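Peer 1: If you scroll down you'll find the structure; I have some questions about it.
Number of protein chains: 2
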Amino acid sequence: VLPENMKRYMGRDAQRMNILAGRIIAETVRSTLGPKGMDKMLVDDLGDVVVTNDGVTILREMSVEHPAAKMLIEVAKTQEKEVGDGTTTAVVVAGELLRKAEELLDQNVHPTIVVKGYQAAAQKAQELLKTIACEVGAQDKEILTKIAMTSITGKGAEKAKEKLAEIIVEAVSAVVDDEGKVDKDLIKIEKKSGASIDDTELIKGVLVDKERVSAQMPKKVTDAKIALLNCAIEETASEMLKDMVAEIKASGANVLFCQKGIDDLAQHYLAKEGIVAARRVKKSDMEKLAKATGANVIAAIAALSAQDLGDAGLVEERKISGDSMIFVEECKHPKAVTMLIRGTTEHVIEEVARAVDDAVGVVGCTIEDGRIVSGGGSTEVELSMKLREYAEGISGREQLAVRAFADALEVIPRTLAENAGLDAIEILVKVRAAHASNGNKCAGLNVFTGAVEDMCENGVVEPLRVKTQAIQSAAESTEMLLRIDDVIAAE
Amino acid sequence: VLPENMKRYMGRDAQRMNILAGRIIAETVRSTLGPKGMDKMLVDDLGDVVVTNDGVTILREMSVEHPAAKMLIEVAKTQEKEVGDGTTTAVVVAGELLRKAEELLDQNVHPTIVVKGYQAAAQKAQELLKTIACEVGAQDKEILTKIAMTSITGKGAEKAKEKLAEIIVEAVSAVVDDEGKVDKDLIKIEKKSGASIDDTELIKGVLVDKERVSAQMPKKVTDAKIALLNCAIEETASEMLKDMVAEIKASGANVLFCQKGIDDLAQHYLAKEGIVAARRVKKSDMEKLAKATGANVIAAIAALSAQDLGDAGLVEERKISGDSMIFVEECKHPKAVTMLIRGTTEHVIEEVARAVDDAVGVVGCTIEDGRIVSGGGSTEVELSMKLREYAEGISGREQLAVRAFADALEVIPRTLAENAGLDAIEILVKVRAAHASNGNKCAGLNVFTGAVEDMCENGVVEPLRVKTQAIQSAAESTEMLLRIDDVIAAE
């Protein structure tokens, strides 16, 4: 019935193969887990080199075959869209979840027991997270910089994590408006090789990666009237093109951003009128300019009026590491800011660009969700303690699946210690004992000194969403995977 | 006479090969049978992954060679079009039908005896179904939610089966109008990743997966006059395109849905007139909008008049999990509703989308057919009991074919127990004895506790049509298959 070459796995082989595929992914990423994680190098079919420690980037760039590895990739992408971080963590948890679950399937325990047990344990784990959750101010400067800096650490950018947190916290508060929703488009991430990471700074306005289209145009314009046109400024014959220039001038425009091209004939007439112009402007840049300046993007040149013009206090052409760029600054009430990232090499400022991708993310998460929890494996250990007691209350065979889930949470503090170069046996014993005796905000592992410490005292906390999202995504992913008992794949 | 490479089967080999092909299909799907059935994974030639437990989906996506497997696929498709559910059930019954029948063919019993016996037994089985059929109210809230929720169980979506049944029962009653015929087009199934299944909700109006074509257009319009045009709004020169805009404005239109494109020149003039617009609108969406709002879809822009405009109380652009969509709500007397499905992942809300595909189906079936029967294998067991007595009355060789048909019905309660992880021997003995002693509405197997129970007390019932359609389709399919004694297939 089926074509020769089609392959099929079933029962124990389907489940082992599928868990194996997910395990291979977990094996790849688990060595990036934590501040003391290492970097991977991915080289494509063309020779292009991608160096990273991000689970999503790694999973997006690598080309897997097995559906299970493809599902973990898609889960990692959702994790990025929602939280940003917790990617590698969730994969490692999901891997251990399947490892634990396989022992039950191998023991001939009906799949419905494992699934139901995980549904119960995951529901109780999130309830426990809400119980330990600490309420903090959505706009508290202190916790904003603590979340920010904590996220930054373990990265190359940690050198200037204080300057970066200061930029990111102020940038979000500026653009977030109400309490609140922050748009990542309102905090522009610009990077240019040169100087150090310490020279990275925040620009109260918009930096456009364009130059003054003519040498004869002014290089500095004050009290600027910004025009946004997407129609190319090219008309046959000089008189006809000059008419267009006169129409732009008539509106009172002093600074002109054209999405398409500007013919040399128009550039000369624009220069005569003292109107500065930049062509080939990116659609994104036209939008950021419209938002900040209050300029209205106009289709037809004829349609541009004075009421469509935006305001900027100063528009000036400056060279950054030699390259000419236009600074739109000193606006009355800008709605967008720009973060100019500096550093010794392109690869460094790319790492910083990712670092601040996460930093601005988690600060936004802290504003929207005023619940945080202790880090350093404190949650997962607290969950092990409480879910073990829950398991005892539950009883039957279901308590074994819940016991496996609760114990599976230990993979995180265990792998964190491995990457830190710590003796996991000594860590797990001393941390667990210290956790049970002193508490959840009086423990955890500090990988930076390589010993059990007080995570709360040191400001080592993570947004509640990280931990609760990890449960939702991971539990649903491994639950689905467990449900498949027969894989039929065409060649 | 015939090309070398052409293949031919005849007599016992044609019949065995054909039954084998049908058996392989039955073997594939029978493990999805029941609430405790498992999921399959189908991977195509491109790598695309389809995860399901639906017999039709599985049969549509898989590529069979043998005509018999192709016939079972087409039967499964008819089962979907008519009933929705009962797919896997009918295939399993048909498989056992051919297994039983083959024993008679192998015993050298003339094919006409087997066929006639099945024609008789199937006619009596449906008569027995009408005898046990329980009359219920076509619009009885209680049985509507009992049919709904029962259908939902055994799926990932069962977590919120109470919220889902509430949505589906109310949705159908709203759009069904008279008693009655419900159109599935009037209950829109919309899905967007984010939140949980508990956040799934019913929208008294139409949700369109489009955004406001210009940033300069209002984001909220009240007392909306909806226009439906399928002509692209693009005219050479600004004056000529503005004329079109003025004509739309003249009609009194405030909200405009264009099936094709809208030129930027028109977007700006529309924004000046305070008319909001969405382009590239799907033909389906243009139709749902026409039905609900009472808007008349117009071909030529010139032809649009005030009498063609539909009404909506509120038309507003909202972001759902970030994506901008248009809500058309608060209409006086809407004829269409929208069900917005939420959930943690795309794969989950896809499973929910299928779950509610069936839920809305069986509720519609319950309104059109006010006859239901007890589930949990009660019918098939009742049929075994009565058709055995009928067989004794019939006598001759025909009674053996009828005995085989009656006994073949047991495959369902037997396989249900297998998938539940129950000892089929203990089940079949205790259930059959309990059925004969206590009755048909005082028995059946409860796979959820893994023991014989009272299906009727627990509200475990299925529409009469499920069981009577299963007989018609299955009996006609296996009857046809039995009729072929010679298969000549070209290469």
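Protein sequence lines correspond, in order, to chains H and A.
The entry's author numbering puts the first residue of the first sequence at 3438, with every later residue one more than the last.
The entry's author numbering puts the first residue of the second sequence at 1, with every later residue one more than the last.
C-beta atoms are modelled at their ideal positions from N, C-alpha and C, and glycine is treated no differently.
1) Taking C-alpha atoms, which residue in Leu3541/H, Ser3588/H and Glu3533/H lies nearest to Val3903/H?
2) Which residues in chain H have a C-beta closer than 8 Å to the C-beta of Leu270/A? List them in chain order.
3) Within 10 Å of its beta-carbon, does residue 494/A have 16 or more other beta-carbons around it, so buried, or fewer, so exposed?
4) Return yes when at least one heavy atom of the ligand FAD lies under 8 Å from the C-beta of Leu207/A, else no.
5) Is the CB of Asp199/A under 9 Å away from at least one CB in chain H?
6) Check whether the Cβ of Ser3721/H lies closer than 9 Å to any Cβ atom in chain A.
7) Which two residues bound the contiguous alpha helix (DSSP H) that contains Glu3616/H?
8) On the three-pair Cβ rule with 8 Å, is the region 127-138 of chain A touching the region 321-330 of chain A?
9) Just by C-beta distance, which residues in the region 210-222 of chain A are closer than 8 Å to chain H?
10) Please check if any C-beta of chain H sits within less than 9 Å of the C-beta of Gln267/A.
11) Based on Cα-Cα distance, which residue from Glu247/A, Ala359/A, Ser437/A and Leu2/A lies nearest to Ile167/A?
12) On a CA-only basis, which of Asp3923/H, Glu3916/H and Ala3927/H is nearest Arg3536/H? Give me that one, please.
13) If contact is defined by three or more beta carbon pairs under 8 Å, each pair taking one atom from either stretch, is the region 3821-3830 of chain H in contact with the region 3441-3457 of chain H?
14) Cα separation between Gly421/A and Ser3874/H?
15) Closer than 9 Å, CB to CB, is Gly274/A near chain H or not?
16) Under a three-way DSSP split, which group does residue 492/A fall into?
17) In chain order, which beta strand (DSSP E) runs of at least 3 residues are fully inside the region 3638-3703 of chain H?
18) Against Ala69/A, what residues of chain H qualify as contacts under a CB-to-CB distance less than 7 Å, listed in chain order?
19) Residues of chain H with a CB under 8 Å from the CB of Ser31/A: which are they?
20) When we look at the beta-carbon of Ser3815/H and count the other beta-carbons within 10 Å, is it buried (16 or more) or exposed?
21) Taking 9 Å as the threshold (beta carbon to beta carbon), is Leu340/A in contact with chain H?
22) Quick check on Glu3890/H: does DSSP put it in helix, strand or coil?
23) Which whole-angstrom value describes the C-beta separation of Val3752/H and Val3692/H, a residue pair presumed to lie in contact below a C-beta threshold of 8 Å?
24) For the region 369-384 of chain A against the region 439-453 of chain A, are there 3 or more C-beta pairs whose distance is under 8 Å?
25) Pick helix, strand or coil for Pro463/A, following the three-state DSSP scheme.
26) If I measure Cβ to Cβ from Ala424/A and keep anything under 7 Å in the same chain, skipping five residues before and after, which residues do I get?
27) If you draw a straight line from the C-alpha of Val3774/H to the C-alpha of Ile3624/H, how long is it?
28) Could you tell me whether the Cβ of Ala3740/H comes closer than 9 Å to any Cβ of chain A?
29) Please tell me whether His435/A has its Cβ less than 9 Å away from any Cβ of chain H.
30) Leaving out five residues before and five after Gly3812/H in sequence, what residues of the same chain have Cβ atoms less than 8 Å from its Cβ?
31) Along the beta strand (DSSP E) that carries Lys191/A, what are the first and last residues, could you check?
32) Would the region 3670-3685 of chain H and the region 3788-3806 of chain H be scored as touching if the rule is three or more Cβ pairs under 8 Å?
33) Can you name, in chain order, every residue of its own chain whose Cβ lies under 6 Å from the Cβ of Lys191/A, other than the five neighbours on each side?
34) Between which residues of its own chain and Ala3911/H is the CB-CB distance below 7 Å, once the five residues before and five after are set aside?
35) Under 7 Å Cβ-Cβ, which residues of chain A neighbour residue 3394/H?
36) Contact check, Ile3908/H vs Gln3563/H under 8 Å by CB: the rounded distance?
Peer 2: So, to answer that:
1) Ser3588/H
2) Those do not exist, as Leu270/A stays about 12 Å from chain H at its closest Cβ, beyond 8 Å.
3) This structure gives no information on residue 494/A, because the portion of chain A shown stretches from 1 to 491.
4) No copy of the ligand FAD occurs in the structure displayed, which carries no ligand at all.
5) no
6) no
7) Neither: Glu3616/H is in no alpha helix (DSSP H) and is coded neither H nor E.
8) no
9) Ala215 and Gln216
10) yes
11) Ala359/A
12) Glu3916/H
13) no
14) 43 Å
15) no
16) Outside the modelled stretch of chain A, which goes from 1 to 491, sits residue 492/A, for which no answer is possible.
17) 3638-3640, 3642-3645, 3657-3666 and 3692-3695
18) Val3438
19) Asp3922 and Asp3923
20) buried
21) no
22) coil
23) 5 Å
24) yes
25) strand
26) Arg414, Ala417 and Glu418
27) 5 Å
28) yes
29) no
30) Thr3587, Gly3881, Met3892, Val3897, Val3898 and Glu3899
31) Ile187 to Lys191
32) no
33) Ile341, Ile349 and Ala353
34) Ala3527, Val3530, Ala3531 and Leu3534
35) No answer is possible for residue 3394/H: it lies beyond the span of chain H, which begins at 3438 and ends at 3928.
36) 5 Å
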